[PDB]
Structures are given as structure tokens and as C-alpha cells.
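Could you have a look at this structure, given as C-alpha cells, before my questions?
In what follows, chains carry the letters A, B, and so on, assigned in the order in which the sequence lines appear, proteins first and then strands, with residues in each chain numbered from 1.
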Amino acid sequence: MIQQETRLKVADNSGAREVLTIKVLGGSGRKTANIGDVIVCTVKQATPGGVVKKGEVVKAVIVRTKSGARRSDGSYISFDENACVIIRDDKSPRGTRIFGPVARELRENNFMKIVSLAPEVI
Amino acid sequence: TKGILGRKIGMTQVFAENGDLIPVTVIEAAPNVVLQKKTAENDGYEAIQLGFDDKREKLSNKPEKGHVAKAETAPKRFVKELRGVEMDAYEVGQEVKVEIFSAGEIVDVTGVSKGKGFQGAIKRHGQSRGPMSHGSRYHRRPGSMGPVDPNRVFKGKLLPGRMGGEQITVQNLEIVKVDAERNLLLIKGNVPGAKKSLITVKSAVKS
Amino acid sequence: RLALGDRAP
Amino acid sequence: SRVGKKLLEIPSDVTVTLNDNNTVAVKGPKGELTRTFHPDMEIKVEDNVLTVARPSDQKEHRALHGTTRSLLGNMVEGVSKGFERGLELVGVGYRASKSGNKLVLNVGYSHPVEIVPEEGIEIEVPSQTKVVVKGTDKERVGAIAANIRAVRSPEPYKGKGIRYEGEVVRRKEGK
Amino acid sequence: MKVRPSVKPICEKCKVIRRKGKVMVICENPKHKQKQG
RNA sequence: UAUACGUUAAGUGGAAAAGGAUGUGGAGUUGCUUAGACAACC
RNA sequence: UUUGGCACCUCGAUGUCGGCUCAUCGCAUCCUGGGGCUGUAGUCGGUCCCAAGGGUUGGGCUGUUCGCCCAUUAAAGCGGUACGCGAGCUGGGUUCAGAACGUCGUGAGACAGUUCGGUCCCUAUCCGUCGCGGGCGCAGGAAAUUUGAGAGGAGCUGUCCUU
RNA sequence: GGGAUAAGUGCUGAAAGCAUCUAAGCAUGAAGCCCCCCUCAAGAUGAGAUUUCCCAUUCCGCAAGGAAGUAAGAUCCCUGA
Ligand SMILES: [K+]
Ligand SMILES: [K+]
Ligand SMILES: [K+]
Ligand SMILES: [K+]
Ligand SMILES: [K+]
Ligand SMILES: [K+]
Ligand SMILES: [Mg+2]
Ligand SMILES: [Mg+2]
Ligand SMILES: [Mg+2]
Ligand SMILES: [Mg+2]
Ligand SMILES: [Mg+2]
Ligand SMILES: [Mg+2]
Ligand SMILES: [Mg+2]
Ligand SMILES: [Mg+2]
Ligand SMILES: [Mg+2]
Ligand SMILES: [Mg+2]
Ligand SMILES: [Mg+2]
Ligand SMILES: [Mg+2]
Ligand SMILES: [Mg+2]
Ligand SMILES: [Mg+2]
Ligand SMILES: [Mg+2]
Ligand SMILES: [Mg+2]
Ligand SMILES: [Mg+2]
Ligand SMILES: [Zn+2]
């Protein structure tokens, strides 16, 4: 459950360390985004020398959340943190590496490059 | 149209064959009995009157006993009509059983919503609170009653009052399982009302 | 209780 | 009305039955056509010559007079010769086809469009790209012809679509 | 359609007619279609 | 629910202007027309 | 709906900006539905007609209305209702007494100039609104099941795939 | 999904030999209108309908009315949700 002002760790090597959520995308009054949803966000903390710089507005896909996600079989997945991956408009990650486990839900939304790069998909 | 009366037992869940976990409501509907057929000639409209749930003799009265004589049945606790049914398909005294339905069939379920007693505008109409700080003395109140010009409040200014206890229909629920021996329908999802409350299960009107 | 009153200056 | 004053020749096999409220049934080789006319309009058949007599000279009657001749004139021509409007499909892959009673147009949509002609009207599909509505009632032939043209009416850039036979399309230029 | 208070012939092929109590112009040139309103 | 003769078809009557119009009633002037007009159709 | 003109109600008081809460109405329509014309190839548009059913975002700055900006959205409509709604809330501003700046004034002081601070009362009688009972009626007294005159509710819309 | 319509599109068609969606006649056509869907609803005094139950008591009265004890049935009171 990510909303305007939620800060997320960035689970990639794009240069951004922390982003602030500017907007949940996909409809007028949409309050909240979950795993596999895209957000507009500003980079609040960056790694020095990275591609993505502090202050850039960027799109990111959420790949883990504390709220987590329910599956049709009645099972759930939750993580210890909220994290996203900066993306281009075609869903490809701007970085080359993904850190930490991502949720299976990203396959469903056709974030395949992310799912392939992730060390674990739970 | 087809339909039956039962009691809401409660909720549980069932694994589907694909492994999906389906929440279900258990309705126990012992065989309903057709107590009366209303006809266009006599009554001005076609319907059957279903009785459900045998009542002790002490709890019956002579007018009730007489009304269920033609159907040759014990006095019934709940009596409802079904319109839209096939009149020729039913006879007075006929038992209507849960196996009229089958798994996968889409139904509408009707019952009385649980009672909540006297409730305010926040709970009853989903209104916003005023601020909780910044000097507010406006928390759970119902908002302006309206403009000055009419010198009166228009009808349908929503206010506190008794909430719940209303007839509610939920449309397009799926029968998950029919257990003919135990007289159970298992219906996907949740339906109006308290446990033990009378539920009417009908074939869906938008089918 | 107002500072000025109704239809203040 | 000049039109109302004009008499009309009835062929021998065109019976002209009358009834209450000047209701003229017209039998012939093709079929039967009934039409209730306006009460005041006067009508008479002598020596196989139907003539529409104008009762008054009010503009209301000046209108109904010419109309009543025209309709009877069409009712006669209907049962004798019959009417038919022609329709021409124009455009790549636009094709009509009869399918029992129904016309079936394939005119560039993602579904085929079907027209069921009512009792009396009949539709012929000589070419793949040509339709003909045949019938006795000139009104009712025109109606179905228009209903068919309405499916995909002639657009102005390349003239594509269902047109009437010998229809002038205002042809605009694209670029 | 031009909906305007002044319906007039724009060209020589324009016909002024009257339908359902409304003054209209009809023309081969569809730009010249006018209804009074 | 008068009488007589007219007008209106807009519920005009029962709120509005420049202006626009083959609405309809009454007058009147005038071009052309059985040496055949006007419309249609070589 | 503006700024005004007039000074007709109210000075033995008709609380006064903005916001909040709650709406409701108009249509001169912002979106969605239906169309005509196009200097409409297509995709987009422009312009006019019908249409008020429903819908019509969250932030930065400012007391602000407004506006500009960020990011969205199908869209981010315009207006009315005592500039809708303070016996419903707020009290930033405006609008008392303190103090100060610039300025004007010999001065006391003054300024829709600014600045920091500055008491928001009321147990609802009547109508009205939302709920809930009692009474009698409905040509006998009862227990159930009902018809529906009539009333309310709902009414939004995106994207992708396919063709 | 029906029904009827708005703008719009017409068909047939004269007034006005032609033309003309209109005057007679016949269509089509909107998230809109009336339905369809959900809820309340006979104090709808216009008080509706159906099924079933009780049964024509006693005493006052010239009757008109009145009183009493009851039937079917309900309630007081009580255990509660
Ligand atoms: K009037
Ligand atoms: K005053
Ligand atoms: K106050
Ligand atoms: K007041
Ligand atoms: K009062
Ligand atoms: K009643
Ligand atoms: Mg809120
Ligand atoms: Mg408080
Ligand atoms: Mg009043
Ligand atoms: Mg002009
Ligand atoms: Mg009027
Ligand atoms: Mg004066
Ligand atoms: Mg006073
Ligand atoms: Mg309008
Ligand atoms: Mg003002
Ligand atoms: Mg105000
Ligand atoms: Mg007030
Ligand atoms: Mg203040
Ligand atoms: Mg000085
Ligand atoms: Mg001042
Ligand atoms: Mg100054
Ligand atoms: Mg009704
Ligand atoms: Mg009754
Ligand atoms: Zn023209």
C-alpha cells in the first residue's frame, strides 16, 4: 500500500537509493499502489556517479511491499520493506542489476526483464 | 425463475479443483413445501407460496394450521412467495429441495441485513469527519443542513437514525456445492444477515 | 463575544 | 393541383376495389395493395379510368388531391410492372451475397451485416458487388433500398460504400 | 449545418424550404445547408 | 358554452429586438401567356 | 455571477472574506453518448447542433478567491443557492484595545500600507430534516401472505488483447 | 435488453407538371425520457387482494342503541438476543 509521499528503497543499481512517490498511476483518484503497479516518483537519495540522479522525476515499478499481496490459492506474500525498480516506458529496468527477492506478481504484469534479473522470485 | 428458503448457517471456505480458495456461505434449506398457488384468475398474479422450517404445534395458531391443511404439512415458520415461476411445474404440497440448484448456477440471495441500531452520519452514510485538531469542534457531525434560501431542509438531507435491518439482495452469486443429504447450498461469497436468519435463494434475474 | 461584532467596520 | 386533375389508364387486369372511407384495394398480376385515403377526397372509376376529384379548393385539399393521384398512380404501376431500386457496392473487398432470405453485406466492418427483407420486398444479388430490391410498393422498395445504403453510405474521398444505381457522389480530394 | 437567425440563399442553387415550422436552406453544396435557430 | 361576419394554428393568445423566411388573409400595380407562356422533357 | 448607479427592507444588530462539513439547482457542456459542416485521407482536430444520466484528481506557493507551477486524468466545466452553509466547525485574513517600520502630521495621532500578538456565547418551543413508537380509522373479530397507485436508489469511465 | 423520442438521417409524397424528410402517410435515431435492476409502499381515507380461523352468547331496551361474559386471537408479567 504505497501512496503519495511514501518513500521506497530502490532495488536496483540505477543510481537512485531512495525515491518519494509522486503519483500512483492508473486512474483519477487512485489512492494506493501495490506490487506490480507503476508510480511516478522523485529521487531523494542517489549513489554518487549513478545514471539516475537526485531530483529526477522517474517511473518505477513496485517489486516488494510490507503490505504484500494475496494469491488466488489463499496464500500471501509480505516483505520487510517497500522497494521499487526505476523503469523506462517499455517496462525495462534503467539499471542492469536487481537486488533482493521480487514477487511473482511481476510476471503477471509483464515485467519480464526485472523477473529475469532478480536473484529470487517468490 | 426458481427459488428456495433456508437459514444462513455461517461462512467457511472450500478449495476449488484449480486450488483457488473460495469463501462460501452455508445455507441450510430443509425441503420447502408449496403451501398455495396464487393464480391470475383468483389473485390477479401468478405465484407460489413456499413454506419453510417446521414450527412446534404450541407456536402455531388455528389460522396457520388451517392454511397448511391443503399442503398436508406441519405449520411453517417462514412463508414467502415466488413470482415468475413455472406454475405448471408446482403442486400444493410439493417439496422444493436444494437440488433444484446445481454447482455453477448463478443465484441472487436476499435477506435482512444485520441491525446496527441508532447510527450517526459517519457510519450510516459514509460521510467525512471534520478535522480532529487545528481547533476543530466539528468531528462526527452531519454537515450543513443546506442553504438559507428555502427556509427549510430539503427531503433527503441524510442524518443519524436506525441503520441496518433492511432487505438486501446480492446479485450473481455462484452455487459452489449442493449437499442434498444435509440440505445445504454452499454459495460463493457473503450474503446479508445474521446467522440463523432467513435467506431466500433465487435464480438470478439478470441471467 | 466577538472582537468587533456583526457587520464590523 | 395539375397532378390531381390528371386521369390514369387502368390495364384490364388491374381491379380497383373500394370500401368504407375511400379505401382502394388494387389487385393485379404481382399482388394486392390496400391504401386508406383521406375521407373528403373523391374518387371514381369509369371505363377503366380512375380519376381523383378535388372536393374543395383549400390549400389542405390542393395538397391531398395531388398526393391521392400520385399514390393511386404508383399503386397501379406497382401491381402491373413493379418497382426496383438498384444498389452498387464500391470499394476493395466490398461484396454482397444472398443467404436464403437474408442479404449479407461484407462492407469493410469486422462483422457481416444482415438485412431481412419484409413480406412483399425481395432482394436480388446479380454481381457480388450489386444488389437489387424488387417489390410492388414504391414506398416500401425505397425504404429497404435506403436501409441497405445506410449500412455503409458513399464516403467522399474514394466513393467507397453502398450507393444507389447512378447516384452522384460529391467527391472530395484527400491530399 | 449552419444554425443561425439569418438563413438565406448563399448561392443560386440554394433553395429556401420550410420543415416543421423551421425555415431552412438546402443545396447541393452541403456547406450551404442552413436551419433557422 | 349569445348572435353575425372575419382572422389565427403559434397554446400565438398567456413577456423581448435588429434581422431572417415560397406561413397565411386582404388590397393594389405590373411583366408574360391558346401568334400557346411558366415547369418538365431536344 | 463583475465593478458600479439608486438608497426601497434591516442600525431597540439581517455576523462580515477564505477554507471545512453537507449538498442541491441552472446549462451558456469540461468528460462520456448521438450528430451536421470541415481548409474531415487516416490518426488527431476545428466549428456548430442535441444532450444535465452520471462523472469532473492529488500536491507546491499564497489568509487568499483567483492564479502560476508539479504530477496525473475520460475530464480536471462555468455559474446560482444571503459572494449556499459560523444557534454546523475554523478564525489565517479582514475588524477594537498592545507594539513596531515606512510615510504623513508642529502635535495628539493617521494610512482597504506593512508587521508580531490578540475572549467565536446559546439546555431547540414551532416548522423543517432523519429515525422510532402509541392512537384511531379502513361496516364483524382475528393470523398470515400479498398487488403496486405512488416514492426513493442506481445511472461514471480507463487500459490491454483481438478484428 | 424493450418502448417512445432529441439533434440528425430518411422513404414515399403533393401543395408548386419539377423539386422537396411533411402538408396526408411511413421509418430510423442519444450515456438522455418511460421501463427493465434494487428498496420502501394501501393513512392509495381511492384505506385494495388472496388463504385460513372464530361463530352468531347473555342481559338491558318500544326499538334505535347500551352493558356483560367470551370465541378465534392477542397482551400484561417473565427468560432473553
Ligand atoms: K399559452
Ligand atoms: K444595520
Ligand atoms: K462561530
Ligand atoms: K441563524
Ligand atoms: K413556526
Ligand atoms: K389496508
Ligand atoms: Mg477527509
Ligand atoms: Mg474535540
Ligand atoms: Mg417556503
Ligand atoms: Mg450572416
Ligand atoms: Mg405565451
Ligand atoms: Mg428618495
Ligand atoms: Mg429586534
Ligand atoms: Mg444546450
Ligand atoms: Mg456580489
Ligand atoms: Mg456566504
Ligand atoms: Mg447559520
Ligand atoms: Mg487573526
Ligand atoms: Mg516629522
Ligand atoms: Mg483602515
Ligand atoms: Mg500608503
Ligand atoms: Mg410505481
Ligand atoms: Mg385490507
Ligand atoms: Zn448554395
Side-chain angles (χ1 to χ4, degrees), chain A residues 1-7 20-40 61-82 101-112 114-116 118-122, chain B residues 8-27 102-107 109 121-134 136 138-140 142-144 158 170-179 184-192 195 204:
Chain A
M1 281 190 72
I2 306 307
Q3 58 182 71
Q4 263 196 227
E5 307 303 313
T6 299
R7 290 193 191 217
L20 183 135
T21 304
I22 288 177
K23 188 55 49 52
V24 172
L25 290 182
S28 180
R30 178 167 184 181
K31 292 302 197 173
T32 285
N34 49 68
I35 292 164
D37 293 335
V38 178
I39 60 180
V40 179
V61 57
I62 299 158
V63 302
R64 300 186 272 280
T65 63
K66 299 205 210 178
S67 70
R70 181 188 146 118
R71 297 167 175 190
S72 55
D73 61 338
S75 71
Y76 298 77
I77 189 177
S78 316
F79 302 83
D80 270 7
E81 60 173 53
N82 301 309
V102 310
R104 186 75 65 192
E105 280 71 6
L106 290 164
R107 295 195 91 257
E108 298 169 13
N109 293 252
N110 311 118
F111 288 92
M112 299 311 310
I114 290 163
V115 165
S116 72
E120 189 171 345
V121 177
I122 312 173
Chain B
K8 175 161 171 173
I9 295 302
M11 283 184 80
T12 190
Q13 50 187 31
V14 166
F15 295 98
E17 290 180 5
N18 65 358
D20 289 11
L21 185 47
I22 288 76
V24 298
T25 304
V26 182
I27 285 85
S102 61
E105 195 155 358
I106 305 302
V107 292
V109 174
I122 307 308
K123 185 184 276 292
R124 186 179 182 218
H125 302 303
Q127 296 195 348
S128 305
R129 294 173 293 136
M132 297 306 300
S133 76
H134 297 288
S136 174
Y138 201 78
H139 307 326
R140 305 182 72 71
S144 172
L158 301 175
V170 185
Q171 297 185 316
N172 307 338
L173 304 187
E174 186 193 345
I175 308 303
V176 166
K177 188 188 302 185
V178 184
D179 185 1
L184 303 186
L185 298 170
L186 269 61
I187 298 176
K188 176 173 163 195
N190 33 41
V191 306
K195 299 170 189 197

Picking from A:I22, A:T21, A:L25, A:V61, what satisfies side-chain contact (heavy atoms from CB on, under 4.5 Å) with A:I39?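 In the set A:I22, A:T21, A:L25, A:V61, the residue that makes a side-chain contact (heavy atoms from CB on, under 4.5 Å) with A:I39 is A:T21.
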Kindly indicate whether the side chain of A:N82, heavy atoms from C-beta on, has any atom under 4.5 Å from the side chain of A:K66.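 Answer yes - side chains close enough.
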Check for a donor-acceptor pair, side chain of B:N18 on one end and backbone N or O of B:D20 on the other, with a separation under 3.5 Å.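 Indeed, once roles are kept as given, a pair shorter than 3.5 Å links the two residues.
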Counting only non-hydrogen atoms closer than 4.5 Å, can you tell me which residues of residues 26-35 of chain A sit against chain B?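 Contacts with chain B: none.
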Using modelled atom types only, decide if a donor and an acceptor are shared between the side chain of A:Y76 and the backbone of A:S67 within a distance under 3.5 Å.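 Flag not set: sc A:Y76 to bb A:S67 has no pair under 3.5 Å.
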Based on non-hydrogen pairs under 4.5 Å, which of A:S72, A:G74, A:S75 is most in contact with chain B?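 Looking at each of A:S72, A:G74, A:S75 in turn, A:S72 comes out on top.
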Report yes or no: does A:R64 contribute a side-chain atom to a donor-acceptor pair with the main-chain N or O of A:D80 at less than 3.5 Å?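 No, A:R64 side chain to A:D80 backbone: no donor-acceptor pair under 3.5 Å.
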Under the 3.5 angstrom rule, does the side chain of B:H139 hit a backbone N or O of B:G130 as a donor-acceptor pair?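 Checked: no pair found.
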